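So the structure is just underneath, and the comments pick up after that.
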Amino acid sequence: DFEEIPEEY
Amino acid sequence: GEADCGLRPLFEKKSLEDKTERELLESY
Amino acid sequence: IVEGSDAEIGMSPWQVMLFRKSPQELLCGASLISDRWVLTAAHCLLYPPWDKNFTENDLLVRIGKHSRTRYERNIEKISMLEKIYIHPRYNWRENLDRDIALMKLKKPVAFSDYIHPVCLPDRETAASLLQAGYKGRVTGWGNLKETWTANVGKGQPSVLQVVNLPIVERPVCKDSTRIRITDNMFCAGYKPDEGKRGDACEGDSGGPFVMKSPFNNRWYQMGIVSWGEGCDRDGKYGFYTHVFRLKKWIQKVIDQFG
Ligand SMILES: N=C(N)NCCCC(=O)NC[C@@H]1CCCN1C(=O)[C@H](CO)NS(=O)(=O)c1ccc2ccccc2c1
């Protein structure tokens, strides 16, 4: 449903 | 944080209003 | 938010999002109270009947957002939480008395055109603004209509919603519920005779309930979306956490833990 955020967050 | 709180950069600081703001004010 | 509308870009620069890492999902709303402290509702973090007791590393705080699902690259800012401070006398067993929790960020946030804090009320602003009849503002990415019946259709906003609500008399609040109400809460909503609609709903929790000061055109947060029975339902109001009354606690933790 949501858009993937950076792996480092 | 405090001291400059409550002032929106795109509104209060540009002497600009948001579509429903006066509704608030006039209810007072 | 039921029967509200889309928020304007940068209209609510204090709106914060509690986003769970795994699974990845919106948990609740919140509000920038400073560059390192966020105010949310105790029940977003602690609620046994539903098996919730999140830890600091369990989630993320995303500020600057407008869109609900979109990762808005150089606009939003995701920060990690260091510690979480919930009210010691919070009551999830009975009435949600003292539904308040403060969260401390690892690193201070960089204010921008989209990120800015909200003021906290004070005795005179509280006294002259918290009046039955006066309108406030609620923001959140919660439900568009009560989770129920044969709701055919979406039911989720794509962009941040907003709705202006009037404060109701205490006598009228206590009488719409069989639930024990305390001074640490207050309700808002159109009375039946108004024949109008609008409300917060599931997913809007911990979200700010604000008012504009006519005496310093500044925004103060007066309440925290806490609870209700249904959404936008006839003859029922929505209860918010009385921020000014819990302020004594708010000061104590901040000025002691950062
Ligand atoms: N403004 C609104 N109309 N609704 C807002 C609901 C906010 C919310 O999601 N709150 C969560 C608490 C905890 C989880 C259950 N709960 C509720 O408010 C549910 C949410 O739909 N309502 S309720 O009628 O079932 C209810 C249930 C339990 C309660 C326990 C303590 C206090 C109030 C309660 C109210």
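First the proteins, then the strands, lettered A, B, ... as listed; each starts at 1. Values below: all heavy atoms of this structure, side chains included; hydrogens, waters and symmetry mates excluded.
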query: Heavy-atom distance under 4.5 Å to chain C: side chain of B:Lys19, backbone, both or neither?
result: both

query: Should we count CG of C:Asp255 as having more than 12 external heavy atoms under 6.0 Å?
result: yes

query: Taking side chain as C-beta onward, heavy atoms only, is B:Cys5 less than 4.5 Å from C:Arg218?
result: yes

statement: Bottom line for C:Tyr220: the part with an atom under 4.5 Å from chain B's heavy atoms is neither

- prompt: Checking C:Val210 against chain B: side chain, backbone, both or neither under 4.5 Å from a heavy atom?
  reply: neither

query: How long is the span from the CG atom in C:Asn217 to the CD atom in B:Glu12, to the nearest 0.5 Å?
result: 5.5 Å

query: Is the shortest heavy-atom distance from the side chain of B:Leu24 to the side chain of C:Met211 under 4.5 Å?
result: no

statement: Per-residue tally against chain C (heavy atom, under 4.5 Å) across B:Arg8, B:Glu26, B:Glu23, B:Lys13 peaks at B:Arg8

query: So do C:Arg137 and B:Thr20 actually touch side chain to side chain, heavy atoms under 4.5 Å?
result: yes

message: Within a 6.0 Å radius of atom CZ on C:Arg197, are there more than 12 heavy atoms belonging to other residues, nucleotides or ligands?
response: yes

query: Is the backbone of C:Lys212 close enough, under 3.5 Å, to the side chain of B:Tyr28 for a donor and an acceptor to pair up by distance?
result: yes

- request: Counting only heavy atoms closer than 4.5 Å, note whether B:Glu21 contacts chain C via side chain, backbone, both or neither.
  value: both

task: With chain B as the partner chain, list the residues of residues 1-18 of chain C whose heavy atoms fall under 4.5 Å from it, by residue number, and write 'none' if nothing qualifies.
output: C:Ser5, C:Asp6, C:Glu8, C:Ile9, C:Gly10, C:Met11, C:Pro13, C:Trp14

task: Verify the neighbour count for atom NZ of C:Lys107: are there more than 12 heavy atoms of other residues, nucleotides or ligands below 6.0 Å?
output: yes

field: Structural part of B:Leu25 lying under 4.5 Å from a heavy atom of chain C
entry: side chain

- prompt: Just wondering, are more than 12 heavy atoms of other shown residues or ligands nearer than 6.0 Å to CD in B:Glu17?
  reply: yes

- prompt: Which of residues 109-127 of chain C get closer than 4.5 angstrom to chain B, counting heavy atoms alone?
  reply: C:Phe111, C:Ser112, C:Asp113, C:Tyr114, C:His116, C:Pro117, C:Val118, C:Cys119

- request: Calculate, to the nearest 0.5 Å, the distance between atoms CD and OG belonging to C:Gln131 and B:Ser27 respectively.
  value: 10.5 Å

Which portion of B:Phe11 sits near chain C, non-hydrogen atoms under 4.5 angstrom: side chain

